[PDB]
Amino acid sequence: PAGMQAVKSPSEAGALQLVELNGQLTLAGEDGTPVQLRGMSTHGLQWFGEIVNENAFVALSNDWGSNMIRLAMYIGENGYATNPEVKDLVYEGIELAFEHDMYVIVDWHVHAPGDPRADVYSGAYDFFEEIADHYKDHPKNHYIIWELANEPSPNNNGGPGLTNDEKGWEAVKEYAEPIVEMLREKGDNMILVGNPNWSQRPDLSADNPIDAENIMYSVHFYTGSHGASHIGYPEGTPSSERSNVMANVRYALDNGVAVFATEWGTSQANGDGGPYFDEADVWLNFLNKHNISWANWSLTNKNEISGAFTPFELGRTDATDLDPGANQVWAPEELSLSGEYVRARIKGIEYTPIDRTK
Ligand SMILES: OC[C@H]1O[C@@H](O[C@H]2[C@H](O)[C@@H](O)[C@@H](O)O[C@@H]2CO)[C@H](O)[C@@H](O)[C@@H]1O
């Protein structure tokens, strides 16, 4: 629709890069003009991997208008560390994104535990090395975006967590510099790096960034929990006071790094409540105004507020099939409240929700 000129497909935009625009670093296509990516995140491929199918990726690219998709490969929580076969879905997903003209974020979904250096995540370097080797001479290699650690956090379920401060950021930096260097040996593909407190801290990254090209830093927000703000931190505010996630994004951009909202949801961060649509409006107007790409959480029919698809609810609904079939569209009532809203926001169309009574 109108105002969608920056939301270009990879066939048009080509290799991504960061350019200075208004004294801030922003995502751009090959020709230097700003590019913004909008799309969806899978839930963990070990639980809801059936979304990686032909008709669903066609639906998300054409009917929903997405020019990007994110593949969330958990490692702990029965992901890649214990079932290696989840990696097969990352490959299949890249192949379909290639085919249906979407950039694809390969996400090493650090989560439980929250320290990316934990033993359970020891396969990270080899994982990224393997995938990058497979695709380095492919003509569509530039479609791939690497995301090295979903959410550095204090989560200690399955190993150590991290602190919300410089020590925490230095732990992530320590983890990522080897992998960045090896990935830069294989190509120039964008690398998105998470940061403390469930990637709410791009501002810490701005204060001590990785010395490499095409590195962007994550922000993750859930509109039921992370309140919008218009006052940026005063010049010289120490990191100890930087608690507001929106102001943390403004600080990162104002202090010279680029940002990518690699995961956001319409619920509270505790997974549910809402959806919170007037605040998601304020947040997406903020992202869109500042050319920050975004991926919404998530492509599941699980019965949780952030889930994009209608769940099974005994008295009222059957769960939407994660393959939409040959028509390659999911009908409006097969989308949950969140899914229906996010599809309209990815498309850039007016939000006109169906009456869920009838
Ligand atoms: O249903 C699959 C698993 O879900 C896990 O909860 C997820 C939640 O659904 C997501 O929104 C995100 O918050 O991550 C959560 C935890 O990783 C749940 O913890 C597991 O027990 C389920 O098997």
Side-chain angles (χ1 to χ4, degrees), residues 39-52 56 69-87 89-90 93 105 107-116 118 120-121 124 147-162 194-200 218-226 245 261-277 279-280 283 294-314 317-322 335-342:
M40 294 294 297
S41 182
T42 62
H43 200 100
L45 295 179
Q46 77 281 20
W47 297 316
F48 295 102
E50 51 277 358
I51 192 65
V52 179
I69 188 150
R70 175 184 191 246
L71 309 184
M73 191 192 70
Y74 282 70
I75 303 99
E77 288 174 277
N78 303 124
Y80 184 66
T82 49
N83 179 20
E85 283 58 75
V86 79
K87 187 169 63 214
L89 294 172
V90 172
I105 302 180
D107 160 45
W108 182 258
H109 202 88
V110 167
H111 182 270
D115 186 350
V120 69
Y121 299 123
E147 173 177 5
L148 313 188
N150 165 59
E151 293 180 336
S153 85
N155 187 303
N156 76 127
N157 171 16
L162 295 178
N195 42 67
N197 224 236
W198 303 278
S199 290
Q200 288 167 19
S218 302
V219 63
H220 286 186
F221 62 90
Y222 275 76
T223 61
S225 299
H226 305 125
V245 191
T262 57
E263 192 188 284
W264 73 276
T266 61
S267 56
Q268 305 176 289
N270 60 239
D272 277 282
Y276 295 77
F277 294 143
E279 20 301 274
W283 264 107
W294 53 260
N296 176 258
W297 182 266
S298 68
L299 264 4
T300 191
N301 53 12
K302 182 181 183 165
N303 189 359
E304 54 186 24
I305 292 294
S306 53
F309 296 110
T310 295
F312 168 78
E313 190 235 298
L314 180 66
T317 43
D318 285 330
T320 297
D321 189 340
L322 295 194
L335 263 33
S336 66
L337 283 172
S338 191
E340 182 185 35
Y341 170 88
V342 174

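Numbering of ligands and ligand atoms starts at 1, following listing order. For reference, positions follow the sequence shown, starting with 1.
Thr300 is not listed as a side-chain neighbour of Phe309, based on a closest heavy-atom distance of 4.5 Å or more.
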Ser298 and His43: side chain to side chain donor-acceptor pair (under 3.5 Å), yes or no, with the steps?
CA-CA 5 Å; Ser298 68; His43 200 100; 3.0 Å; yes

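Residues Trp264 and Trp294 bring their aromatic ring centres within 6.0 Å. Between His111 and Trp297, the distance from one ring center to the other does not fall under 6.0 angstrom.
Within 4.0 Å of ligand 1, the residues that place a heavy atom are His43, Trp47, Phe48, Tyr74, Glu77, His111, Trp297, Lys302, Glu304, listed by chain and number.
The two residues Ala261 and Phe221 have their closest heavy-atom pair at CB-CE2, 4.1 Å.
Annotation: salt bridge (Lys or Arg N to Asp or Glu O under 4.0 Å) contacts of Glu50 (sequence neighbours excluded): none.
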